[PDB]
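S.K.: sequence and experimental coordinates follow.
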Amino acid sequence: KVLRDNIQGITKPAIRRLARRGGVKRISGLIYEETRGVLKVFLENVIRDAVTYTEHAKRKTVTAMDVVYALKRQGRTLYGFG
Amino acid sequence: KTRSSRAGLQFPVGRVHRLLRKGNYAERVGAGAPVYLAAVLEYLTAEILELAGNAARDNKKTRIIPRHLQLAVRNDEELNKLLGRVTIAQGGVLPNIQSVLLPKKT
Amino acid sequence: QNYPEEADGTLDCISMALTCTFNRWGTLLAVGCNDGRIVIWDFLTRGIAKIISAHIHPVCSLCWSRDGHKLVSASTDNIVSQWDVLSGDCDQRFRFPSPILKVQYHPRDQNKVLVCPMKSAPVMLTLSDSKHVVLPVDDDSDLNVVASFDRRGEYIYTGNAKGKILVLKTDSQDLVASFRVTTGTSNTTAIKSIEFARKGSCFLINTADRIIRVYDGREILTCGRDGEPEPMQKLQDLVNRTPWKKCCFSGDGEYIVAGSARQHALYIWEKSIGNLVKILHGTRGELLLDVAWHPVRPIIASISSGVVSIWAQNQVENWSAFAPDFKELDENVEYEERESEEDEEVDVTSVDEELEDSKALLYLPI
Amino acid sequence: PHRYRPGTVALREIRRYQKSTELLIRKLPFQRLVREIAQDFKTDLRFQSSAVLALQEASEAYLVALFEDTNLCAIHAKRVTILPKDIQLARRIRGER
Amino acid sequence: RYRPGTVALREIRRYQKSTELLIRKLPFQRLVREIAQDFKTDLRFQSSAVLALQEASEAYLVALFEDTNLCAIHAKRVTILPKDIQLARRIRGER
Amino acid sequence: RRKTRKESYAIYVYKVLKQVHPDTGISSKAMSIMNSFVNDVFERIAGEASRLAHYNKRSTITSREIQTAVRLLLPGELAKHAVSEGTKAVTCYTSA
Amino acid sequence: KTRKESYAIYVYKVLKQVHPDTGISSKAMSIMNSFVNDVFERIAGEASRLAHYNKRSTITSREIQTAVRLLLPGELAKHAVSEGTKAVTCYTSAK
DNA sequence: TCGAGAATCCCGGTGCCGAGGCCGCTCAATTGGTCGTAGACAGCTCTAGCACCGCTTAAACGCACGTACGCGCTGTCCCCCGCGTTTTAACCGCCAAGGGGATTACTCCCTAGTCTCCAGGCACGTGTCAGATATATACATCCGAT
DNA sequence: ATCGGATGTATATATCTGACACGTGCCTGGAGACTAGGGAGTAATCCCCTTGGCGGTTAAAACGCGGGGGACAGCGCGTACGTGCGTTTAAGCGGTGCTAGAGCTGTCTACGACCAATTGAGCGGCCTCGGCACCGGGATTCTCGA
């Protein structure tokens, strides 16, 4: 399904805490929407490569090792799944 | 007897198959791989050279200088997405001036 | 004109839609809903016609009579009933020992319907006296046989499940022609189905050797009892090996269309040259059920998973059609000006090819 | 407690967090979100609990990095507040316009 | 002539149309010779090879400049400054 | 001294240019840059496809794997155009 | 149930050699496995492509030398090449 | 709102070397079999992601508000640049050489491949303690009082 | 600037539990022996070219001045945000059933490597002619101070 909900699934305190781990204090109230936008545009490519990889393997489930494989294809590597 | 005319393409297919066989990319390859590669290289080369010719006729010069190729590759957006971290010898750069740096008066 | 080049959305008057077929030139859509009901939608007019409470178990196939007064349905619960197009009730009711695959009406004989029972010979049921006539077959009688008319329905062609195809008469049943399909290189092959056209007497054959072939309904009675297979073009998909489920013929008589199962790859060719011309870009996730073009105008409309996707030629007339003496074009040449600057007493009274699949007589404005 | 000055508890929050090691976005909303977004490319897919988990961390990683960069350019702006134009600046200067 | 800032636009546009190199051959060749002698002695260079390096340099370098440019625009000023160069070098992810 | 024979993608791209625009000349420098570009894309696609084939415990390189590679690597509708053209070429090649 | 390959015992022994007092958790095992693999494919692919550069059909030790000098940063490369040369010499002397 | 001066575009008008096309002479690409085999089909096993619900509470929601600072405005002053000058070695074109990069030929020796047996590392139990969990406390810090 | 008070900060004390580290089995890889055959290095070479160098100059750089335009410091301000608290709510464990799907195994058949020779695609040498560089001058457009 396609639903406009769950996009705001990252409510404000989560971004607050993420900003804190980043090490910032004063964030304007109009940052949240573009953070959602950049997160979505980033996640698009990785999820698309993951689904293409799992489709080519003739199975309709996705593992984690193919996910890290796609992530390494982009350039950002993960350690700790094989 | 030839093999390129079997599909009607122009890029060689025997050359691609030999070069991929000696390129040790794998140990065993199918039959459709060389023709498929010849086809995709054909399509990409045509895509680039059509814009090259358009730029050649832009300045009314028969010969295509690399500046024309640079302009044709850069002005398109999909190419700039695919040719991200690549330069061109003698290529030059497309004209660009920042908007806020434009003096004016009455 | 040429192949369809634009894309159309969906036509879902009701959520579920299993089967679809055009009548003679795409007038009404025969939706067999998966609830035991028979719904009729409107084509080229985007509407609905009639909903029939057939029975409990849903149906899986639909076709209309030659005179358009009947709605035959290959039921999944062996209800061989003659539902009326006009009133919506059942005119004739009968039961068959085996279910039905392909229902068709001979455009010259609506009395004898087309039935494709499984593990048994095809049976023609006569609507005039409710009598069943078994089609004589050869060799086995327990095979997955499919029976189908020709262009005119004058000869009937049957396909078995070992490699044998039979030719006989639609009414006299004089089985005098057979055919043996090629046995590959080492192993034989059965036949899944065949599909015909409305011009040229050509027909596609779908087999179990993953390859779709094409023959003509004129080389079997000409060869005699049985000859050597000789197709025109052994078309197939040699990059993914998609199996074939449903494929029909063109609306002009020169194109061939083939349908995938889940890959959303609808392939097209022409009978003159077996070279691919275009491929359909379908959104993955659904299974294709039925395909059948407009029998006159080039367009494609495939039903799948309760919805329908149409790739078409959407057209609106140009603004320059205000008057023949009025045009709205652009030119840079100087205007070329013009160079050349009864009484009777008679009242006025005057107001592919065509076959006999007409007279639906189903239209309710209110 | 009492109405504290702005940013005062922010410093101790930074100190508590920057040394911490945990997951900041919840689990159920994120898995629901990825299952929702997976529909467009292909419907009716099944996820693995180990898989989706991995994913969020990677995303968080990337996202965290962004803030870092933005913070620095924010200091280059002679202001402490973070503004949208700085996010676009960082995105464009990173090389993925 | 006068009106400083007008001649800059004319020069920058004229040079934007042009597509020649910008570094004199001999000084750059001698510098490459020196930096090679730093690594190993008595290395014979191919005249084509040097040229190669040359072009790549400007490419890299010009990109850097452009980035610094927009950084200055982010600071409500026109003139670029050294600090902006370290800004670009650090933010690019190449320190 | 001893002359050598070298292979370059010179004749084929020239024939393509004549097939498209049979009125425009080409330079030697453009010839070399096009040769480098085609070699680059060839190696990129071939290597990515090979490492994918190793990834799947497959000892072969089919044609399907290459189209998967060009789906991953090529962005936008250019990917659809290229893959459709490749399918056309292979289908027109097989029955010959 | 089946046979699967991993680097668990060897890294464990290497750990016990230098710090025979500290334990590790399975996550450390997985991350060290990933790290050692990743570096292995990186250096091996670089060596293969070097061997293909000079139209040579073999990969010997000096190819690995060139690859390690080219890839790793300076001081760690010096340490690694020294230790590897020591290992290969002591192997060849006592075969 | 309008000149003087100052630049660029283009119309010839001419001379020259690079893309081109033909001839000649090779070398590796097919074709056809030939031979071994890698993966595709169908079956069976197992195991866990999903549908489902219960109950509990950490946290999100949203209002209240008091002020920290982003920003617009001012003034300031200082140094980058454009214009002019004098000054000079990058660049051009010409010489000459030796050396070493690319090529030829060759014998020799490292290794793919086969066969061979035995041993060590992962699946699988099984005992056991390192650190999370909750309690009481000295301590350093924001805030408020002078 | 200095001191007192509320309050989060890091520390010591029971304990307990599930993950960490250890002992067993044996089957699949790896090490031991042997061979031949195809890569490789090593002697020799000789012509391409890269280093070196010299005359002429002018296009380019180097240096000094005049000023105006832009960097930089400050000041009000009013407004958008961080802090704080009472409340609702969906997250988070908890634990249950199973079908749908992944995963392993016998199989046997269409499909890719070996190879021999051909013989035409394809690569290199020589004019050569025109696309294009060089040049001289008039037509064409921009700008800022009266």
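M.R.: Cool, the structure landed. Numbers count the residues shown, from 1 in each chain, chains lettered A, B, ... in the order given.

S.K.: what residues does chain B have near chain D?
M.R.: By CB under 8 Å from any CB of the partner chain, the residues of chain B that approach chain D are residue B:84. Bear in mind the C-beta positions are built from the backbone N, C-alpha and C, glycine included.

S.K.: can you map out the helices along chain B?
M.R.: B:14-21, B:32-58, B:66-75, B:77-82 (DSSP state H).

S.K.: minimum distance to chain F: which of those helices has it?
M.R.: helix B:32-58 (3.5 Å; CB to the nearest CB).

S.K.: okay, the angle between the closest one and helix B:14-21?
M.R.: 120 degrees (axes from the mean of the first three to the mean of the last three CA atoms, to 10 degrees).

S.K.: helix B:32-58: which residues count as buried?
M.R.: B:32-49, B:51-53, B:55-56 (16 or more other CB atoms under 10 Å in any protein chain shown).

S.K.: also stretch C:304-320?
M.R.: Of the residues in stretch C:304-320, C:304, C:306, C:308-312 count as buried by neighbour count, 16+ other CB under 10 Å.

S.K.: ditto for stretch A:8-20
M.R.: A:9-10, A:14-15, A:17-20.

S.K.: what lies in contact with it?
M.R.: With contacts defined as CB atoms under 8 Å, 6 or more residues apart in numbering or on different chains, stretch A:8-20 is touched by A:27, A:31-32, A:35-36, A:39, D:10, D:13-14, D:17-18, D:24-26, D:29-30, D:32-33, D:60, D:63-64, D:67, D:82.

S.K.: wait, residue C:11 sits on residue C:310?
M.R.: Yes - the criterion here is CB atoms under 8 Å, and residue C:11 meets it with residue C:310 at 7.0 Å.

S.K.: may I see the buried residues of stretch C:78-96?
M.R.: Of the residues in stretch C:78-96, those buried (16+ other CB under 10 Å) are C:79-85, C:88, C:90-92, C:96.

S.K.: my bad, should have said stretch B:86-100
M.R.: The neighbour-count check on stretch B:86-100 (16+ other CB under 10 Å) flags B:88, B:91-93 as buried.

S.K.: likewise stretch F:2-12?
M.R.: Residues F:9, F:12 are the ones in stretch F:2-12 that count as buried (16+ other CB under 10 Å).

S.K.: near DNA strand H at all, it?
M.R.: Yes - using CB under 7 Å from any atom of the strand, stretch F:2-12 reaches DNA strand H at F:2, F:4-5.

S.K.: just give me the closest of the residues you listed to residue C:53.
M.R.: The nearest member of the residues of stretch F:2-12 next to DNA strand H to residue C:53, counting by CB to CB, is residue F:5 at 82.0 Å.

S.K.: what about the closest one, which SS state?
M.R.: coil (DSSP: H, G, I helix; E, B strand; the rest coil).

S.K.: quick check: phi and psi on residue C:258?
M.R.: Backbone geometry at residue C:258, expressed as degrees, to the nearest 10, gives phi -130, psi 140.

S.K.: how near is it to DNA strand H?
M.R.: Residue C:258 is 19 Å from DNA strand H, where distance means CB to the nearest atom of the strand, to the nearest Å.
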